[PDB]
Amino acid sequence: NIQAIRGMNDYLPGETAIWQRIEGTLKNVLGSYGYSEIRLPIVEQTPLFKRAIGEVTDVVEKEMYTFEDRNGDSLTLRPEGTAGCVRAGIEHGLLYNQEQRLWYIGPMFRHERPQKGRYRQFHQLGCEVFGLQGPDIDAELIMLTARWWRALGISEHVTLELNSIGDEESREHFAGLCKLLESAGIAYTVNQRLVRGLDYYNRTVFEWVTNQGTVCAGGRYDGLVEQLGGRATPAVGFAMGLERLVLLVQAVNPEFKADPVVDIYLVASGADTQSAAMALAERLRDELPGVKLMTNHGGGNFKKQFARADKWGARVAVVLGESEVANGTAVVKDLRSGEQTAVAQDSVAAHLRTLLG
């Protein structure tokens, strides 16, 4: 058996269920603010990360996954996604004299020693807005994170740190920023030693910390579009570690369940019943949009098939043996109470609607 590269995790069926609920919530809250999705390559050229994050940084100094391509070109698996974003923005023409409100989700890679919060393949959701300069947009992004925390019920577990690393212009801009948050009741701490670990930020720097600590981090980087070869454009954004979010919800929120995988299990036994079973299932799929129905396969006597229905968390089992098939019926069994009734096939969909919701 081959095993997994250390620090690269698999997310098994039970836990992805939770992952899909939290992502759906996050994308919804981004949708209500009018932010569009951009999808960017996993691999970029190594000079981008060297030129944008900075040469004397732990990321470039010791963390990147770099390798030589079949044409000599060095390629690096992205360690963060902002550089890639700016790059595509410049390349495609999306940023000059334009405003963009964007978000992205995907894997990032860093060769760090794995410990509980830190991984080699980890996933980030991040936002980047281009074209807005003043403190107002920076306050809209902090308002956006605050909403996500309310929505995931973790609000009384995340602290906001802020400060400027720029200066008159930056004293004014940071102050106006601080004024917008007071006037919204967002509680923040000005922490003068909060400099971030990447060298492209300038005025606003912030971090939402829990008590590996930082759950979300971001800031402003007004110069980076020009540095990577484009026209000067103001830009701000952040990225959050979806691994640490998932962990914090699950810990602070215990009663965060997700939807079970099967609702109705199609039990079927007897000679040549399986085409009938699969045909009934396809019809019930047409009739009950968005019902998780699973067709028993590989035989098994009724006792086995009913226990399999219990394994998946089915609430109702539709049964069919030869009799049902010849008589045009289907037996509907409410697995919660045992009450089973024979219904005509034409009427089973309505009988399930009643039993499920």
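Counting begins at 1, following the sequence as shown.
Asker: According to the entry, how many residues of the deposited sequence fall between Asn211 and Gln212 and are not modelled? Options: none, 1 to 3, 4 to 9, 10 or more.
Answerer: According to the record, 4 to 9 deposited residues lack coordinates from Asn211 to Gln212.
Asker: Taking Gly131 and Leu132 as adjacent modelled residues, how many residues of the deposited sequence between them have no coordinates (none, 1 to 3, 4 to 9, 10 or more)?
Answerer: Nothing is missing.
Asker: Identify the stretch, either 58-66 or 45-53, whose C-alpha atoms have the larger mean B-factor according to the entry.
Answerer: Mean CA B-factor is higher for 58-66.
Asker: Averaging CA B factors per stretch from the PDB record, which one is higher: 193-201 or 131-139?
Answerer: The stretch with the larger average C-alpha B-factor is 193-201.
Asker: For the listed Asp263, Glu243, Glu172, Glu91, which has the peak Cα B-factor recorded in the PDB entry?
Answerer: In the PDB entry, the greatest C-alpha B-factor among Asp263, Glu243, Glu172, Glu91 is found at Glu172.
Asker: When the CA B-factors of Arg78, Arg283, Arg87, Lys179 are compared as recorded in the entry, which is the largest?
Answerer: Largest recorded C-alpha B-factor: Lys179.
Asker: Classify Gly153 as lowest, middle or highest third according to the C-alpha B-factor given in the PDB entry, relative to its own chain.
Answerer: It belongs to the middle third of the chain when residues are ordered by C-alpha B-factor.
Asker: Please rank the C-alpha B-factors of the chain's modelled residues and tell me whether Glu23 sits in the lowest, middle or highest third.
Answerer: Within its chain, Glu23 is a lowest-third residue by C-alpha B-factor, going by the deposited values.
Asker: By the record's CA B-factor, is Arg315 among the lowest, middle or highest third of residues in the chain?
Answerer: For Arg315, whose C-alpha B-factor we compare with every modelled residue in the chain, the answer is the middle third.
Asker: What third of the chain does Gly229 rank in for C-alpha temperature factor, lowest, middle or highest?
Answerer: According to the entry, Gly229 has a C-alpha B-factor in the chain's middle third.
Asker: Would the CA B-factor of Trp103 place it in the lowest, middle or highest third of its chain?
Answerer: Its C-alpha B-factor belongs to the lowest third of this chain's values.
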